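Notes for the one structure printed next.
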Amino acid sequence: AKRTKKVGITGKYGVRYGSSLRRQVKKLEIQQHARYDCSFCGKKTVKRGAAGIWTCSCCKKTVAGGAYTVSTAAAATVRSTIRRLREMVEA
Amino acid sequence: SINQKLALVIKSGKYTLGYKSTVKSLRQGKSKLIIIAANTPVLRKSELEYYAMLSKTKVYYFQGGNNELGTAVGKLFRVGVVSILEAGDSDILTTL
Amino acid sequence: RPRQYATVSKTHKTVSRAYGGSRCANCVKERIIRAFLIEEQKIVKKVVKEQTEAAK
Amino acid sequence: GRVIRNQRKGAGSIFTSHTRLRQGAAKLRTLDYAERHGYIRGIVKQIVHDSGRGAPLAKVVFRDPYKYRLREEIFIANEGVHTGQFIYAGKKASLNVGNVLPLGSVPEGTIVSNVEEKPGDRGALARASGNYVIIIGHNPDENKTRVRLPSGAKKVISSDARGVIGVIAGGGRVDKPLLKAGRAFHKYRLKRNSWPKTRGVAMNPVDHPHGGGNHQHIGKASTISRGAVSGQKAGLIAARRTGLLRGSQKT
Amino acid sequence: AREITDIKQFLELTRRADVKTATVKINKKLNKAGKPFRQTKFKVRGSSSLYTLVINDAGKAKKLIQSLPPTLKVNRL
RNA sequence: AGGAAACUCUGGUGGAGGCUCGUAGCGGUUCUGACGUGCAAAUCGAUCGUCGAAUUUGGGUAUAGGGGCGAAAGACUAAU
RNA sequence: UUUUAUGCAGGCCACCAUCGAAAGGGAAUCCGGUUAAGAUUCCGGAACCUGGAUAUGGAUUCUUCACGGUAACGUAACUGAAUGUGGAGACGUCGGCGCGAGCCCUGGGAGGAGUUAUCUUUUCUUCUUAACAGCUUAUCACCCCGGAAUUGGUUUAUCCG
RNA sequence: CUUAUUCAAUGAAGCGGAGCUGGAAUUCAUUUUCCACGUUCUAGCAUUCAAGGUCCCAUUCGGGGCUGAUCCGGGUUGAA
Ligand SMILES: [Zn+2]
Ligand SMILES: [Zn+2]
């Protein structure tokens, strides 16, 4: 049915550790347990093996990344600015 | 645009999806054109390029993924490749 | 176990193909294709380079 | 009185880092000929968790140009690398992720990691999770590059000093809590025997310079001169200010 | 300790010339309720293994022992 | 299943937790019980704590005396 | 060099000692019986590996270093130095699911024993088959065909195309 | 300034200089100097003093030198 109002995956942690830390942990546990999309194949077979090891079962690939998400926004900015200055330099 | 012309071909012309049926058609020469996704194995990509070089067929690279091309043709699964055998109605063969 | 591999004969240890008991057959396929394709690519790259810089 | 904890950590019998589950050092290939006259290709074959570290590593493979062999290296993975990947490393290489262009070659506003400090130390700067170094400017005549370090520090280092392009992986790690002495236990037991930390003010005065008293109180101020000694350097050392800071690092 | 079916194989085995000993076992057996038969078992012994030629025909068994050499030391049981 | 939609609920599966009851086990609260020239140079009994782990443990191995080790009692370092 | 040593024509390579676990890794054995006291160690039988000589048979070849199969791959074998590459060794913990072994429960029948004033086609008991060898057998995986929305297959657990 | 001292690598491999071969340079006379001086769609592969070309040998089973791979100095390379 509907089990939990707002603890979600942080109901295994029970009544411990404080609501705020449980909120943060909730957010990041969702991020890290979720399935993502392998860019090489588009399929939803991407998962964490370990912190910044994000591997795809279907296409048998592995990409390095954030401990809890697979693409961190900082590194996204870095990709973009790298492409920018590289285009400029070859240009 | 391109997805509109491809839907027109889905309605009027005929086609076959996927690497195996595609390259079978290309071996037979019956095909005219291929559209190829951009998420794609570069090996498969280059092999198709060679096959189409031999067949003198045309090739087009899709600014999209398997998902996007599938939505374009109107199917609901992954399509890295599509082979146009004839369009009848569309300007696909003429344009690009 | 390894010493038992040393007991048995060749038939029980590998396959009649190139890369018999080392690599998957599908991987054999893949890498053969890779070789042929990119050496052809190398060749056409070489000749286009030669002719454009010969013009130039 | 008695010898104290740091004063034993120097000798290091039980405080040596643990090593069983590490793949060895992560290092940059030697600046031999190619990386200072051209470039070389390598294949990222796999990516692997290293224990005790927080980042992952990249098992990369090059070919020794002098001998028919395949020389393997362990790199740090930046975010955006993957398996089966072609990593071009050297001077005449390309400005993408994974590559090892010199700081003399890269432009301003650039991001790098695993940066050398002097050419042939093979990875010193910004090796930990999510830490990057930014380029500032050059003085190619008397070849030097200004770089900003995650402490905000503007350092000046040579130009042949290599450095990997990208941001180090495993970011966001300390954004998560731990919630558990057990989680911290596991962390520090794969790193080194550094936990739990017990308070000197709860120790006895023989065992620390805070210990003792009918009330847990320090008594004598904890701001310690830099020119103190081994036995006195418990507390805040060479400190300029204390307390809550409100405002800016101001640099 | 290997089964054997080919009779000429068993004979050239008897003349393998490392072979020295042989045995013939009889066994009381059942094909069906009313014909409990007589299984013959020629167990020949050389060096590295024992070869067991199996037989379920007394006519063939007597022809076999008629065919065997005399010098090969036998054990009837 | 409901709802105009937003989105809400119901039954099931499933089997998480430094969760819990509780045996083995590790411990050692209370009885301030027994004994207290003992079975014992620290035990016996009942009652108790905890029991998948920051767990318990063998073996090897390192740290040696103003030194070591210490989740810290000035505790332990062969009844010291 | 066949006076001979290993000088000697040649090229290769590059630990950089050693010690360290009778519970980690590890080449190879099982049954039966046997003594006052031994046993996987003895006896009988049947096996396995290692090392080294090694001869017969067999296979290959006058197209010199095998053939069949679309393929996955198969076979009694069926050249292969230097060097290099890969794999096994070699690996957590918990859950439940399946499968197997032995045990337990049990039916019939063949023997033996017990009870029996009464009743009990009854209670108990034996009915076994090792290492090793040959033939055969499998979940997962993999190949051929063919081309899937009307979406389908499928696990206890929802994953796949 | 490097040599003394000090730091670090490395199986002490490509140092430095000059030079070809090209691009730019304005050559104000001939080059004035500067850039390069074999590699980038792809998880392949790269080894036998290198094949070739070339000069010899004793052709024979083959054997050897130059180039292929510019030359000189023998400061391993940087730092300080
Ligand atoms: Zn994928
Ligand atoms: Zn494979």
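Every chain in the structure tokens takes a letter, A first, then B, and so on in the order presented; its residues are numbered from 1, and the ligands are numbered from 1 following the presented order.
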Task: Interface list for chain G, partner chain E, 12 Å threshold, only C-alpha atoms (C1' of nucleotides), as JSON, numbers by chain - done: {"G": [45, 46, 47, 48, 56, 57, 132, 133, 134, 135]}
Would you export the selected residues with N, CA and C atoms (P, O5', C5', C4', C3', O3' and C1' of nucleotides) as a PDB file, in the first residue's frame, please?
```pdb
ATOM      1  P     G G  45      46.677 -58.820  -4.136  1.00  0.00           P
ATOM      2  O5'   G G  45      45.370 -58.014  -4.538  1.00  0.00           O
ATOM      3  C5'   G G  45      44.174 -58.709  -4.834  1.00  0.00           C
ATOM      4  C4'   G G  45      43.003 -57.782  -4.979  1.00  0.00           C
ATOM      5  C3'   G G  45      43.170 -56.671  -5.987  1.00  0.00           C
ATOM      6  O3'   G G  45      42.982 -57.098  -7.319  1.00  0.00           O
ATOM      7  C1'   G G  45      42.291 -55.783  -4.004  1.00  0.00           C
ATOM      8  P     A G  46      43.777 -56.377  -8.506  1.00  0.00           P
ATOM      9  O5'   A G  46      43.096 -54.949  -8.587  1.00  0.00           O
ATOM     10  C5'   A G  46      41.713 -54.862  -8.848  1.00  0.00           C
ATOM     11  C4'   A G  46      41.175 -53.475  -8.640  1.00  0.00           C
ATOM     12  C3'   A G  46      41.882 -52.367  -9.392  1.00  0.00           C
ATOM     13  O3'   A G  46      41.486 -52.265 -10.740  1.00  0.00           O
ATOM     14  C1'   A G  46      41.602 -51.723  -7.157  1.00  0.00           C
ATOM     15  P     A G  47      42.369 -51.395 -11.750  1.00  0.00           P
ATOM     16  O5'   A G  47      42.222 -49.917 -11.193  1.00  0.00           O
ATOM     17  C5'   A G  47      43.366 -49.105 -11.035  1.00  0.00           C
ATOM     18  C4'   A G  47      43.046 -47.815 -10.336  1.00  0.00           C
ATOM     19  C3'   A G  47      43.881 -46.613 -10.727  1.00  0.00           C
ATOM     20  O3'   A G  47      43.471 -46.001 -11.935  1.00  0.00           O
ATOM     21  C1'   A G  47      43.751 -46.736  -8.389  1.00  0.00           C
ATOM     22  P     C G  48      44.539 -45.206 -12.834  1.00  0.00           P
ATOM     23  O5'   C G  48      45.002 -44.000 -11.911  1.00  0.00           O
ATOM     24  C5'   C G  48      44.083 -42.986 -11.556  1.00  0.00           C
ATOM     25  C4'   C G  48      44.722 -41.865 -10.777  1.00  0.00           C
ATOM     26  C3'   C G  48      46.035 -41.318 -11.312  1.00  0.00           C
ATOM     27  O3'   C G  48      45.903 -40.434 -12.407  1.00  0.00           O
ATOM     28  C1'   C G  48      46.268 -41.715  -9.028  1.00  0.00           C
ATOM     29  P     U G  56      59.952 -49.413 -31.983  1.00  0.00           P
ATOM     30  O5'   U G  56      58.486 -49.956 -31.670  1.00  0.00           O
ATOM     31  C5'   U G  56      58.206 -51.342 -31.756  1.00  0.00           C
ATOM     32  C4'   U G  56      56.783 -51.679 -31.376  1.00  0.00           C
ATOM     33  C3'   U G  56      55.695 -51.056 -32.218  1.00  0.00           C
ATOM     34  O3'   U G  56      55.559 -51.648 -33.495  1.00  0.00           O
ATOM     35  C1'   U G  56      55.072 -50.949 -29.953  1.00  0.00           C
ATOM     36  P     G G  57      54.958 -50.783 -34.707  1.00  0.00           P
ATOM     37  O5'   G G  57      53.465 -50.486 -34.250  1.00  0.00           O
ATOM     38  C5'   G G  57      52.561 -51.559 -34.079  1.00  0.00           C
ATOM     39  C4'   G G  57      51.263 -51.119 -33.455  1.00  0.00           C
ATOM     40  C3'   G G  57      50.546 -49.983 -34.147  1.00  0.00           C
ATOM     41  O3'   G G  57      49.874 -50.375 -35.329  1.00  0.00           O
ATOM     42  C1'   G G  57      50.541 -49.594 -31.833  1.00  0.00           C
ATOM     43  P     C G 132      37.508 -39.908  -7.086  1.00  0.00           P
ATOM     44  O5'   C G 132      38.071 -40.837  -8.243  1.00  0.00           O
ATOM     45  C5'   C G 132      39.465 -41.057  -8.345  1.00  0.00           C
ATOM     46  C4'   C G 132      39.798 -42.251  -9.200  1.00  0.00           C
ATOM     47  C3'   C G 132      39.221 -42.245 -10.601  1.00  0.00           C
ATOM     48  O3'   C G 132      39.981 -41.472 -11.503  1.00  0.00           O
ATOM     49  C1'   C G 132      38.797 -44.322  -9.599  1.00  0.00           C
ATOM     50  P     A G 133      39.249 -40.701 -12.700  1.00  0.00           P
ATOM     51  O5'   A G 133      38.760 -41.872 -13.648  1.00  0.00           O
ATOM     52  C5'   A G 133      39.715 -42.709 -14.261  1.00  0.00           C
ATOM     53  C4'   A G 133      39.083 -43.758 -15.128  1.00  0.00           C
ATOM     54  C3'   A G 133      37.972 -43.299 -16.045  1.00  0.00           C
ATOM     55  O3'   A G 133      38.434 -42.625 -17.197  1.00  0.00           O
ATOM     56  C1'   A G 133      37.327 -45.286 -14.983  1.00  0.00           C
ATOM     57  P     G G 134      37.487 -41.554 -17.928  1.00  0.00           P
ATOM     58  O5'   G G 134      36.396 -42.456 -18.645  1.00  0.00           O
ATOM     59  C5'   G G 134      36.796 -43.363 -19.652  1.00  0.00           C
ATOM     60  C4'   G G 134      35.649 -44.193 -20.167  1.00  0.00           C
ATOM     61  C3'   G G 134      34.412 -43.435 -20.605  1.00  0.00           C
ATOM     62  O3'   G G 134      34.530 -42.852 -21.890  1.00  0.00           O
ATOM     63  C1'   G G 134      33.771 -45.256 -19.269  1.00  0.00           C
ATOM     64  P     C G 135      33.619 -41.590 -22.282  1.00  0.00           P
ATOM     65  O5'   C G 135      32.132 -42.162 -22.275  1.00  0.00           O
ATOM     66  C5'   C G 135      31.685 -43.040 -23.297  1.00  0.00           C
ATOM     67  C4'   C G 135      30.217 -43.365 -23.166  1.00  0.00           C
ATOM     68  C3'   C G 135      29.276 -42.181 -23.045  1.00  0.00           C
ATOM     69  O3'   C G 135      28.981 -41.557 -24.279  1.00  0.00           O
ATOM     70  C1'   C G 135      28.721 -43.768 -21.409  1.00  0.00           C
TER      71        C G 135
END
```
Task: Near-range 20-27 of chain C list (12 Å; only C-alpha atoms (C1' of nucleotides); drop same-chain fewer than 2 positions) as a ChimeraX atom specification - done: /C:10-18,29-34 /G:71-73,85-88,141-143 /H:43-44
Open item on the list: What's around residue 61 in chain F at 12 Å? Count only C-alpha atoms (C1' of nucleotides), leave out sequence neighbours fewer than 3 positions away in its own chain, and write the answer as a PyMOL selection string.
Closed with: (chain D and resi 13-14) or (chain G and resi 20-21)
Open item on the list: Report as an MDAnalysis selection string all protein, DNA and RNA residues lying within 12 Å of residue 67 in chain E, evaluated on only C-alpha atoms (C1' of nucleotides), omitting residues in the same chain fewer than 6 positions from it.
Closed with: chainID E and resid 7:8 10:12 14 60:61
Residue 26 in chain D: which residues within 8 Å, counting only C-alpha atoms (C1' of nucleotides), same-chain residues fewer than 5 positions away excluded, as a PDB file with N, CA, C and O atoms, in the first residue's frame?
```pdb
ATOM      1  N   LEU D  57      40.204   4.605  -8.880  1.00  0.00           N
ATOM      2  CA  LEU D  57      41.388   4.610  -9.705  1.00  0.00           C
ATOM      3  C   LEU D  57      41.074   4.020 -11.064  1.00  0.00           C
ATOM      4  O   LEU D  57      40.073   3.326 -11.260  1.00  0.00           O
ATOM      5  N   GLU D  73      49.662   1.294 -15.629  1.00  0.00           N
ATOM      6  CA  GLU D  73      49.706   2.390 -14.684  1.00  0.00           C
ATOM      7  C   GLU D  73      48.385   2.476 -13.951  1.00  0.00           C
ATOM      8  O   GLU D  73      47.341   2.029 -14.435  1.00  0.00           O
ATOM      9  N   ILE D  74      48.453   3.076 -12.773  1.00  0.00           N
ATOM     10  CA  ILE D  74      47.288   3.346 -11.955  1.00  0.00           C
ATOM     11  C   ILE D  74      47.175   4.850 -11.849  1.00  0.00           C
ATOM     12  O   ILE D  74      48.081   5.514 -11.333  1.00  0.00           O
ATOM     13  N   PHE D  75      46.081   5.381 -12.356  1.00  0.00           N
ATOM     14  CA  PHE D  75      45.777   6.794 -12.322  1.00  0.00           C
ATOM     15  C   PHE D  75      44.605   7.020 -11.392  1.00  0.00           C
ATOM     16  O   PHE D  75      43.953   6.085 -10.936  1.00  0.00           O
ATOM     17  N   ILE D  76      44.352   8.260 -11.122  1.00  0.00           N
ATOM     18  CA  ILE D  76      43.104   8.670 -10.503  1.00  0.00           C
ATOM     19  C   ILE D  76      42.115   8.984 -11.608  1.00  0.00           C
ATOM     20  O   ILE D  76      42.464   9.589 -12.627  1.00  0.00           O
ATOM     21  N   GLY D 123      52.511  13.294  -9.424  1.00  0.00           N
ATOM     22  CA  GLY D 123      51.189  13.438  -8.864  1.00  0.00           C
ATOM     23  C   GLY D 123      51.193  13.791  -7.405  1.00  0.00           C
ATOM     24  O   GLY D 123      51.337  12.934  -6.529  1.00  0.00           O
TER      25      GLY D 123
END
```
Open item on the list: Residues of chain A were defined as contacting chain B if any atom lay at most 12 Å from it, counting only C-alpha atoms; please report them as a ChimeraX atom specification.
Closed with: /A:37-44,59
Residues from the last selection, N, CA, C and O atoms, saved as a PDB file, in the first residue's frame:
```
ATOM      1  N   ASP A  37      20.967   6.272 -16.757  1.00  0.00           N
ATOM      2  CA  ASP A  37      20.954   5.930 -18.166  1.00  0.00           C
ATOM      3  C   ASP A  37      22.367   5.876 -18.717  1.00  0.00           C
ATOM      4  O   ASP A  37      23.106   6.861 -18.643  1.00  0.00           O
ATOM      5  N   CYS A  38      22.729   4.761 -19.328  1.00  0.00           N
ATOM      6  CA  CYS A  38      24.019   4.730 -19.866  1.00  0.00           C
ATOM      7  C   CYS A  38      23.903   5.567 -21.122  1.00  0.00           C
ATOM      8  O   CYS A  38      23.064   5.321 -21.951  1.00  0.00           O
ATOM      9  N   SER A  39      24.788   6.524 -21.285  1.00  0.00           N
ATOM     10  CA  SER A  39      24.884   7.400 -22.437  1.00  0.00           C
ATOM     11  C   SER A  39      25.254   6.657 -23.708  1.00  0.00           C
ATOM     12  O   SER A  39      25.054   7.192 -24.804  1.00  0.00           O
ATOM     13  N   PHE A  40      25.911   5.497 -23.639  1.00  0.00           N
ATOM     14  CA  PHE A  40      26.364   4.808 -24.801  1.00  0.00           C
ATOM     15  C   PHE A  40      25.202   4.065 -25.343  1.00  0.00           C
ATOM     16  O   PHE A  40      25.089   3.894 -26.551  1.00  0.00           O
ATOM     17  N   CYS A  41      24.327   3.588 -24.475  1.00  0.00           N
ATOM     18  CA  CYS A  41      23.204   2.875 -24.993  1.00  0.00           C
ATOM     19  C   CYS A  41      21.857   3.299 -24.760  1.00  0.00           C
ATOM     20  O   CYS A  41      20.968   2.696 -25.331  1.00  0.00           O
ATOM     21  N   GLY A  42      21.580   4.254 -23.904  1.00  0.00           N
ATOM     22  CA  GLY A  42      20.310   4.805 -23.494  1.00  0.00           C
ATOM     23  C   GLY A  42      19.528   3.979 -22.505  1.00  0.00           C
ATOM     24  O   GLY A  42      18.481   4.439 -22.037  1.00  0.00           O
ATOM     25  N   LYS A  43      19.994   2.788 -22.153  1.00  0.00           N
ATOM     26  CA  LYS A  43      19.234   1.903 -21.301  1.00  0.00           C
ATOM     27  C   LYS A  43      19.429   2.256 -19.841  1.00  0.00           C
ATOM     28  O   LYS A  43      20.399   2.902 -19.448  1.00  0.00           O
ATOM     29  N   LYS A  44      18.488   1.796 -19.035  1.00  0.00           N
ATOM     30  CA  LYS A  44      18.475   2.060 -17.603  1.00  0.00           C
ATOM     31  C   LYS A  44      19.064   0.878 -16.837  1.00  0.00           C
ATOM     32  O   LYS A  44      18.404   0.219 -16.037  1.00  0.00           O
ATOM     33  N   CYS A  59      25.484  -2.616 -21.186  1.00  0.00           N
ATOM     34  CA  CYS A  59      26.579  -2.372 -22.098  1.00  0.00           C
ATOM     35  C   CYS A  59      27.961  -2.617 -21.504  1.00  0.00           C
ATOM     36  O   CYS A  59      28.955  -2.258 -22.132  1.00  0.00           O
TER      37      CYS A  59
END
```
